[PDB]
Amino acid sequence: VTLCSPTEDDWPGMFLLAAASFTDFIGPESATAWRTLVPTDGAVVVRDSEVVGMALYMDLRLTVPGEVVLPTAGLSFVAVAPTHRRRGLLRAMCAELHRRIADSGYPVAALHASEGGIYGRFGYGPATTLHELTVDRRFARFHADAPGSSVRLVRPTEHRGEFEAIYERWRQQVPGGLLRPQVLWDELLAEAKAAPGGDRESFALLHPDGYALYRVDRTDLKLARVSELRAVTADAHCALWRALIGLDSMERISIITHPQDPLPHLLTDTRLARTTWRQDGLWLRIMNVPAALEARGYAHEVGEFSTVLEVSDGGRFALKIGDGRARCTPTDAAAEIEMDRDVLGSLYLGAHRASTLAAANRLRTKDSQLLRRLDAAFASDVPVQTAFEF
Amino acid sequence: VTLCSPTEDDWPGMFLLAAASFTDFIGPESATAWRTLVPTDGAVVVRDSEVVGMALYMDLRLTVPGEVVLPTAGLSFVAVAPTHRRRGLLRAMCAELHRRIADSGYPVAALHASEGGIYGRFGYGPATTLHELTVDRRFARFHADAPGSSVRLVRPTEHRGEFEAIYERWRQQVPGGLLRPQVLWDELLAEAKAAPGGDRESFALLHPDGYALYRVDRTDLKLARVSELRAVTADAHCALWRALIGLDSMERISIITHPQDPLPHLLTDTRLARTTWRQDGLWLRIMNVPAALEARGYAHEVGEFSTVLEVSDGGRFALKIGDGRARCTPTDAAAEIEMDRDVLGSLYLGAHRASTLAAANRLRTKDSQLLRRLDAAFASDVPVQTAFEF
Amino acid sequence: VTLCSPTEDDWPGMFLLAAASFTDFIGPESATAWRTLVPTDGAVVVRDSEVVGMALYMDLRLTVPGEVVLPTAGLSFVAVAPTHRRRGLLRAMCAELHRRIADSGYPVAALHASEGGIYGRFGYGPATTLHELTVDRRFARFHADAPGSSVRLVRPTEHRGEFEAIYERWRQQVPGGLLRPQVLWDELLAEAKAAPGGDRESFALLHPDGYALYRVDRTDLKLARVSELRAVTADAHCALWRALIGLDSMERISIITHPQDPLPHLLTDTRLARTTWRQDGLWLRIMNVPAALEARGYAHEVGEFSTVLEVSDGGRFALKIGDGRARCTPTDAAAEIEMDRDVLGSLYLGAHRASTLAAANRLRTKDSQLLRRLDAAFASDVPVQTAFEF
Amino acid sequence: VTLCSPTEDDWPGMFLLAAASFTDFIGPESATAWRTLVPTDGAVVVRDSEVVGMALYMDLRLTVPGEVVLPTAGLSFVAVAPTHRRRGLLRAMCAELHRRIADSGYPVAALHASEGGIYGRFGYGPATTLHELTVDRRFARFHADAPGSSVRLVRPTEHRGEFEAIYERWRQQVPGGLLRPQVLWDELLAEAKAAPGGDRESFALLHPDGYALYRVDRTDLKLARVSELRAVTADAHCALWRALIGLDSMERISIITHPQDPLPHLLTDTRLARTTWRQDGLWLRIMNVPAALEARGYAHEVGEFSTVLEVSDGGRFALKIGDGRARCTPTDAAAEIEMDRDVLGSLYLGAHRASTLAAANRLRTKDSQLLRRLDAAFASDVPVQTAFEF
Amino acid sequence: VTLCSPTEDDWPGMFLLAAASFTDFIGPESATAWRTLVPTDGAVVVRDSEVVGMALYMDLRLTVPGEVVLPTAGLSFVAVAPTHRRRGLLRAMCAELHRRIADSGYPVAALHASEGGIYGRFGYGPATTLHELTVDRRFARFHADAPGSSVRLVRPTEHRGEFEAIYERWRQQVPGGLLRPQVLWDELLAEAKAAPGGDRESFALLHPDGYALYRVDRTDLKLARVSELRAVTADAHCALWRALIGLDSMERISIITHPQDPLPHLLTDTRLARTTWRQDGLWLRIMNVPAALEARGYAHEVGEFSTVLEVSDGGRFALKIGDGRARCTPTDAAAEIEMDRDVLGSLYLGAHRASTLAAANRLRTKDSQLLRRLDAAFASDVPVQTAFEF
Ligand SMILES: Fc1ccc(N/N=C/c2ccc(Cl)cc2)cc1
Ligand SMILES: Fc1ccc(N/N=C/c2ccc(Cl)cc2)cc1
Ligand SMILES: Fc1ccc(N/N=C/c2ccc(Cl)cc2)cc1
Ligand SMILES: Fc1ccc(N/N=C/c2ccc(Cl)cc2)cc1
Ligand SMILES: Fc1ccc(N/N=C/c2ccc(Cl)cc2)cc1
């Protein structure tokens with residue numbers, strides 16, 4: 001078992017391991033489209049010869065609080081052969097890619113986790129929260145206060161330009177936003193086709209400042225699933241939900257959204273927007289603590305404050321936050337805040353409160369005033385959302 | 001149909017309407033215990049004679065941010081006969097009790113809603129959030145960082161004093177906390193008995209600084225339901241969860257908790273603490289805007305700021321917040337923030353963000369800086385929880 | 001929003017609205033086959049430009065009691081864009097088509113309702129009843145009295161002529177019968193093909209005087225679904241059910257039939273033919289009360305009688321019924337029977353009893369003798385059935 | 001944490017731990033009846049004071065192949081407080097009881113396992129197999145060859161003597177048979193009463209040479225559950241099943257029986273007796289290898305043979321089997337068969353084949369002829385059954 | 001209704017009856033591949049003309065105890081038209097094929113039964129047992145004693161030669177083994193392809209001495225179904241199960257295996273390998289009692305013994321068994337053992353014990369010593385397995 005960058009010869013073995021490893025496997029043609037996002041030396045394989053281990057990263061652009069865009073290494077296509085469990089192959093592959101990612105100059109790495117108990121040990125913390133809402137739309141009435149026909153029902157394939165422009169405005173404004181390159185729009189509008197024996201046809205609801213893609217469920221013919229809703233203004237968001245509640249042949253509309261989705265508040269009965277499912281979305285590994293902490297914006301409400309942050313096996317820093325900006329410098333002074341690297345990734349986009357992690361002792365300080373100040377400073381004005389799975 | 005305070009003669013008719021109206025009806029003896037919390041003139045009935053309408057309030061003590069305790073009118077036992085729907089009986093009863101509550105000097109009223117689409121119109125806003133967690137405890141491993149045998153398995157009836165003392169410390173520290181009077185401890189430790197053909201026996205896990213009451217589900221014999229967990233320190237909270245994960249005959253532990261429960265963070269796999277259910281807990285009606293706004297503490301992080309708040313059909317106030325305190329005074333100056341009374345009740349304990357309600361247009365301002373300052377000021381340092389249903 | 005007859009340019013927009021509106025959407029090629037049944041000026045669209053509203057009628061031939069065939073306008077493809085709910089588009093489209101249908105000389109209009117609470121207001125009453133029977137065929141034994149190998153198992157595509165001839169004899173004899181044109185036989189024998197990932201292959205049971213088309217359910221491989229059973233004699237009906245009970249690999253046979261299906265009575269245990277589902281089939285709007293009332297046959301058993309029938313906003317008539325025939329003439333004499341137009345459509349084919357509608361006060365008279373006579377006169381000798389959905 | 005024999009003072013703490021540990025807890029009165037089977041020094045408790053650990057054994061009589069009855073220590077009431085998991089309390093309690101059991105002169109210990117992954121490490125092997133059969137009795141027809149009204153429907157409480165005499169004949173003839181003392185007959189005929197909100201009334205089917213106790217399921221009113229069927233002759237077994245298939249109001253009869261139950265072979269369709277569930281019944285720990293191996297009968301079919309058996313940390317023996325008897329003597333000669341103690345317990349009553357355990361390498365030899373001879377010798381002429389849970 | 005061998009003209013009618021009779025119908029192309037195994041005069045049809053009845057046999061090679069291979073007639077494609085039930089068509093077809101099979105020189109016939117209550121009357125007895133195991137692989141840990149990366153994850157289509165060679169070694173060693181001809185390998189590796197709207201892609205786990213073919217379930221995406229596992233050594237069997245338990249994205253692995261599968265014993269918790277389903281596999285009809293009884297090996301453990309066996313309407317024989325061989329000769333001496341022909345087929349491969357069939361009176365003797373000797377003699381050293389369905 002040796003670890004190396006794959007050759008063109010390795011890719012059929014990698015597709016075999018992928019097919020056996022991922023039930024939702026996009027297939028070889030779709031995988032070749034995603035490969036365009038993998039930089040030279042972005043992939044590792046383990047051979048025993050046949051491929052028993054693989055991992056790669058993609059070049060991504062992640063929006064963080066303050067509308068700042070970071071170069072981000074997106075880990076994906078991570079698989080160990082069922083024949084080679086418990087031989088340290090994942091630890092070896094993650095160590096090699098992290099070395100390359102760090103040397104390449106990426107301040108953060110990100111991934112979507114297949115299981116929740118794996119990536120904490122490699123320094124990844126869950127940084128966004130997926131929240132499924134199911135609306136029983138037969139009972140749904142809009143509140144007198146709710147904004148609002150500016151919405152059109154359209155064929156997705158015919159309005160790509162308009163989707164692309166709205167999404168581009170969306171992703172620059174929202175923490176968790178990702179640049180979506182051309183190949184991923186090619187892949188998205190191909191999944192919008194009805195498949196024989198698979199997913200039904202997708203429709204779009206199109207506003208000047210928002211869109212929703214939805215399809216009826218394969219089996220439950222009274223359920224509409226919203227695959228994607230991107231709204232740049234509150235008017236667009238409300239207009240799109242007026243149109244979705246107007247699907248009079250459905251009993252239920254479901255969407256995977258974020259905890260601060262205002263939909264419940266648009267209705268006279270907030271309870272009709274039931275939370276049916278919750279899960280970690282994007283996981284972050286802070287590769288470079290100083291570059292990451294200095295890059296994001298902080299809340300202007302909290303007054304200037306200074307502390308000493310230690311990350312376990314990741315450095316100790318004098319951290320000064322004021323006027324929405326942070327300066328993070330090396331120091332050997334006594335730490336006032338200690339935490340593992342994963343905990344920092346969980347705080348970084350504003351999804352988890354420092355005081356909540358402190359209550360579980362994932363984050364240690366003897367100053368409760370400092371906890372309150374961290375909480376307020378790392379909060380995001382714009383609620384953090386999840387762009388797309390990779 | 002006339003509206004009046006019930007006589008002793010009215011109470012069998014009220015119990016009949018209760019029995020027909022509430023499936024979870026506590027019964028006449030339990031109801032007579034709760035009656036001790038109803039003040040003279042705390043109840044109204046509508047006669048056609050027989051009782052076709054009733055409503056009452058109880059004298060409660062609610063903890064709000066800054067560890068401040070407010071006298072609170074708890075609406076309960078609200079029922080209209082199925083024979084007298086759509087005759088305005090609820091509107092008439094709510095108007096009469098609100099008059100009495102306001103004249104009596106209560107700054108806030110509260111209730112638990114049977115449905116979500118009813119009480120918004122009478123000025124009640126959902127102020128706390130119930131969050132059910134289900135843990136598959138067969139997979140649960142505590143994180144290296146988690147605190148921690150200080151916990152004892154005990155019979156609830158034998159440790160009432162200890163439960164009472166822990167709960168009393170809990171409710172004074174936590175927004176949403178309610179004083180639990182003797183009659184409600186009498187009722188709680190009677191529901192801890194096994195019933196023939198009903199609920200199984202309750203056990204307690206007792207720490208110096210926390211307790212958990214739990215019972216196996218009637219039908220699902222691999223599910224333990226935690227009815228109540230009160231923990232005054234993080235050590236107590238973690239110790240109690242170590243003991244509950246040690247119920248080796250159960251597959252699943254469920255609890256109704258709050259969104260900021262640190263349990264997920266105590267585990268190596270945060271995902272094992274699944275959110276299976278979410279709902280509005282306590283609803284608040286702010287009876288007196290100035291008395292309520294001046295009574296609670298505000299976050300010390302936000303700098304002194306001033307604005308003009310209008311509540312629809314509820315006054316206009318010059319609101320000045322600084323050094324964690326608010327001054328709220330009458331004014332005829334232009335409003336900078338407008339909202340219905342229910343919206344204010346939703347903001348009041350810190351469960352809902354002003355910027356989330358603004359996105360749904362439940363709260364209108366033309367200053368986004370002011371929105372950020374309201375958000376930060378109305379935030380609660382201690383996460384808001386739900387004490388007990390009434 | 002203006003209302004007009006569609007141009008050839010409008011039909012892709014109409015197919016888009018159809019696809020988004022109907023989950024069971026037959027698709028553009030199948031829809032173009034059905035278009036052959038739509039007369040010139042049989043369709044309306046609403047443009048905002050894009051199609052936000054459509055409705056059309058087809059030229060049909062409906063059999064009514066006395067084996068009389070009426071020209072019938074079959075409303076279909078009725079859809080409002082989810083973006084344009086609650087703007088009166090359905091009321092405007094139904095008013096325009098009803099004007100055209102009435103001017104064209106149709107005595108009745110008909111439809112199949114997607115929901116039960118919509119078409120009553122436009123004068124449509126449910127006129128036939130669908131009754132699903134599920135037979136646990138493992139227990140089914142034929143009664144000593146039951147008639148009866150004259151039945152052949154065949155490929156549907158190879159015996160079209162024989163199906164067509166049996167159906168043609170069936171539809172002329174039975175109230176609810178519809179002429180089935182060539183394009184609908186083309187469509188029926190195409191749905192008899194197995195689809196990859198969809199419905200399984202259809203088989204036929206063929207008798208000289210009856211046929212049954214059946215297929216195994218997609219998911220429940222022990223359920224056979226009879227899509228269509230047409231039997232012109234009792235011998236044919238019994239023979240076909242002997243063959244279906246002989247599907248020894250099935251546990252259950254289901255069929256959508258009518259309330260008077262004699263199948264339960266063919267068995268030693270009538271209970272084995274369980275009623276699993278009931279619903280309104282065909283809805284009727286009587287366009288011209290006199291032409292419709294004079295056109296159908298009436299029961300020869302009831303003696304000659306005369307009354308005055310008023311239809312709300314639909315005329316007042318002197319109605320004389322004797323010798324199985326009715327004469328319906330204008331009058332200003334006092335009404336003895338009043339009812340909304342929808343109620344008349346419900347009475348017209350014999351599926352609902354006048355005395356049942358009277359008990360709900362949908363039909364008012366002060367003469368109970370007259371009620372008994374209406375009941376007996378409007379009864380159908382041959383039980384009313386449902387031909388095919390449109 | 002110290003380990004000692006319980007005092008009379010300890011038993012309320014033990015009942016509390018029992019109640020919290022066992023959902024099917026028989027209760028304090030029933031537990032006091034079972035206590036009569038616990039010898040002086042048959043119980044251990046761990047105190048921290050409160051009871052955090054308990055275990056005991058009962059004096060039992062187990063029938064092994066050759067109709068030989070062994071004194072048997074039945075481990076039961078084994079519980080560790082959920083507050084004291086992972087502190088070695090079970091290992092400490094099992095070690096102390098095993099010392100006492102061995103010193104007392106018991107050749108074998110037995111238990112029923114709450115989980116399958118626990119007791120292998122303490123030398124217990126699963127020795128009997130529970131097999132649930134569910135008969136769809138609506139289809140059940142007896143074979144022309146099946147024996148056979150000698151069976152009476154009776155009230156259990158009125159025929160105790162007759163049940164006791166049949167069971168006593170049953171348990172002396174069958175490997176796995178246990179003596180059932182008076183206190184357990186007291187407990188059995190008390191569970192035969194209908195409980196308000198619990199189990200329905202039990203009935204008995206009584207033959208001169210067999211009985212069946214059955215009751216309708218609490219929730220599934222078309223399921224009869226046979227709690228116990230004891231038949232000393234094939235005639236009795238068949239007669240009792242003729243009576244149970246005659247419960248014409250039931251769809252299904254279920255019983256927990258053994259893999260060699262001849263019921264399937266009594267029917268024309270063997271498939272109607274579906275195996276719906278399988279599990280380990282009784283677990284055995286061989287305390288004394290020589291006393292246990294010499295005590296049971298062996299199959300007379302296999303010719304005299306000799307080998308050397310080693311049990312891991314349990315001795316090495318020259319084992320000579322011939323004329324249905326074994327002689328087991330100490331030796332230092334090379335082992336021909338090696339196995340852990342648990343494996344021996346699994347072989348001992350004839351439920352598991354030596355060649356099946358060898359295929360999993362739980363039992364090692366380099367002689368396949370010796371494997372065949374062990375298989376044939378340890379086989380039981382009478383199929384092994386499970387008497388009652390303890 | 002006349003009975004004859006089909007002409008080439010008959011085969012479209014036979015495919016129609018097949019399609020209507022078998023839901024799992026392989027289709028006309030797959031059926032034409034299987035036809036290559038049908039000898040000249042291996043098929044009968046009944047015409048009324050159209051095909052209302054068919055049956056055929058295939059030339060197979062069945063392994064019986066002692067590694068002896070018998071020519072075997074495999075009955076298949078047996079169907080009666082649902083229009084011709086209860087006219088004796090099956091009895092007539094089975095009688096004609098049995099005449100041909102017997103005259104052709106086959107000692108045994110075999111089939112897979114669609115129902116359990118049919119083929120006993122034609123002399124077929126169930127001879128193998130299918131046992132579904134479902135492993136919750138999340139809990140599965142291998143025992144310290146379990147053997148063991150020699151296993152490779154591969155594409156089935158690319159390793160046909162290797163599968164064929166392993167299977168060929170497997171089928172010669174195991175009772176129930178069948179020769180698998182080229183056409184059936186063609187058919188197997190075509191079912192290994194993903195179908196649009198049907199089964200997902202198959203993967204292989206390949207060892208020098210074993211293979212497993214598995215696929216994820218269509219609907220349950222956490223279930224892996226092992227279609228086939230063939231292991232010639234215990235090492236191969238254990239290695240393949242280590243690889244299958246390493247499918248970390250699955251919760252459950254299911255396999256249809258045999259009752260003596262050692263998998264449960266490879267695990268620390270035997271209970272994790274749950275038996276979820278049990279059914280008769282292969283049915284045998286002994287065509288020639290003497291040729292069949294003399295052909296198989298018998299257990300060398302039982303000493304030489306002699307008896308007189310009568311088969312009902314099948315002969316009486318002096319049966320002498322010693323040194324693993326039987327001599328079976330005609331006699332008119334008193335029978336000591338009587339049984340129907342089906343019972344003999346059930347005993348023949350060792351799946352059912354003579355003493356179990358005797359307890360149901362399917363097998364009559366007055367000598368219990370003789371029963372014990374039959375049991376021991378007809379036992380199979382190698383556990384009987386089921387090769388493939390036909
Ligand atoms: F060569 C490759 C490079 C990158 C990749 N990542 N794609 C993986 C992926 C994950 C989730 C979805 Cl919803 C869609 C695609 C796949 C292949
Ligand atoms: F006279 C009465 C005065 C007050 C009351 N409120 N109790 C109502 C109530 C609601 C919920 C629970 Cl879990 C328990 C009790 C009931 C009767
Ligand atoms: F252009 C068109 C004209 C008429 C139509 N009606 N067809 C609609 C329809 C409804 C139900 C079924 Cl089962 C099948 C078809 C559809 C399109
Ligand atoms: F003090 C005691 C001594 C022995 C015991 N064992 N009984 C335990 C037990 C287990 C299973 C059943 Cl179905 C019934 C009872 C219980 C208490
Ligand atoms: F012409 C034919 C000759 C023999 C046959 N037998 N095949 C039948 C069959 C049964 C089960 C399976 Cl899993 C696969 C195939 C089918 C047609």
Side-chain angles (χ1 to χ4, degrees), chain B residues 135 137-138 140-142 146 148-159 192-208 210-226 236 238-253, chain D residues 1-2 10-31 45-54 77-91 93 112-119 193-200 217-220:
Chain B
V135 187
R137 58 146 296 280
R138 288 168 309 168
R141 305 296 184 257
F142 286 83
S149 74
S150 34
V151 177
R152 317 191 273 137
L153 168 68
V154 301
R155 297 197 108 108
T157 41
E158 294 176 2
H159 299 268
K193 301 165 159 66
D199 281 1
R200 313 179 58 92
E201 184 180 10
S202 288
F203 301 105
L205 293 176
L206 181 50
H207 186 279
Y211 67 83
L213 305 174
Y214 75 90
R215 84 198 329 160
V216 174
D217 185 76
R218 297 181 183 180
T219 64
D220 186 349
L221 271 43
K222 309 296 198 162
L223 173 57
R225 291 188 184 285
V226 180
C238 184
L240 288 166
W241 273 107
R242 288 188 183 275
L244 288 163
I245 300 311
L247 296 171
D248 286 3
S249 64
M250 302 292 108
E251 284 167 19
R252 285 164 285 115
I253 322 293
Chain D
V1 294
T2 75
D10 284 314
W11 279 91
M14 294 171 72
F15 291 159
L16 176 48
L17 184 53
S21 286
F22 314 122
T23 73
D24 62 339
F25 181 46
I26 64 184
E29 269 50 39
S30 176
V45 289
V46 179
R47 305 196 203 87
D48 212 6
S49 39
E50 299 177 321
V51 175
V52 298
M54 58 193 195
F77 226 58
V78 179
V80 173
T83 56
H84 293 72
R85 299 300 177 192
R86 294 176 187 271
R87 288 183 177 64
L89 257 52
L90 176 63
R91 182 157 295 273
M93 286 188 304
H112 287 264
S114 64
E115 305 171 9
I118 289 166
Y119 286 105
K193 301 165 159 66
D199 281 1
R200 313 179 58 92
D217 185 76
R218 297 181 183 180
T219 64
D220 186 349

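Just so we're on the same page: letters track the sequence lines, and every chain starts at 1. Only this structure's heavy atoms are used, side chains among them; waters, hydrogens and symmetry mates stay out.
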### Query
Which one of D:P196, D:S21, D:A20 has the most heavy-atom pairs closer than 4.5 Å to chain B?
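When all of D:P196, D:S21, D:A20 are compared, D:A20 has the most.
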#### Entry: Contacting region of B:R200 [heavy-atom separation from chain D under 4.5 Å]
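Contact with chain D involves the side chain of B:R200 alone.
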### Query
Checking B:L205 against chain D: side chain, backbone, both or neither under 4.5 Å from a heavy atom?
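For B:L205, the contact with chain D is made by the side chain alone.
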Do [X] and [Y] come within less than 4.5 Å of each other through their side chains, counting heavy atoms only?
X      : Y      : answer
B:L244 : B:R137 : no
D:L17  : D:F77  : no
B:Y214 : B:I253 : no

Side chain, backbone, both or neither: which part of [X] has a heavy atom under 4.5 Å from chain B?
X      : answer
D:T219 : neither
D:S114 : neither
D:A81  : neither
D:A19  : both

### Message
Check this for me: does any side-chain nitrogen of one of D:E50 and B:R152 sit under 4.0 Å from a carboxylate oxygen of the other?
### Response
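Salt bridge flag = yes for B:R152 with D:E50.
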### Query
Do the charged groups of D:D10 and D:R47 touch, with an N to O distance under 4.0 Å?
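Looking at D:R47 together with D:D10, the answer is yes, because their closest N to O distance falls below 4.0 Å.
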### Message
Would the distance check show the side chain of D:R85 and the main-chain N or O of B:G246 forming a donor-acceptor pair, the cut-off being under 3.5 Å?
### Response
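A pair under 3.5 Å: yes.
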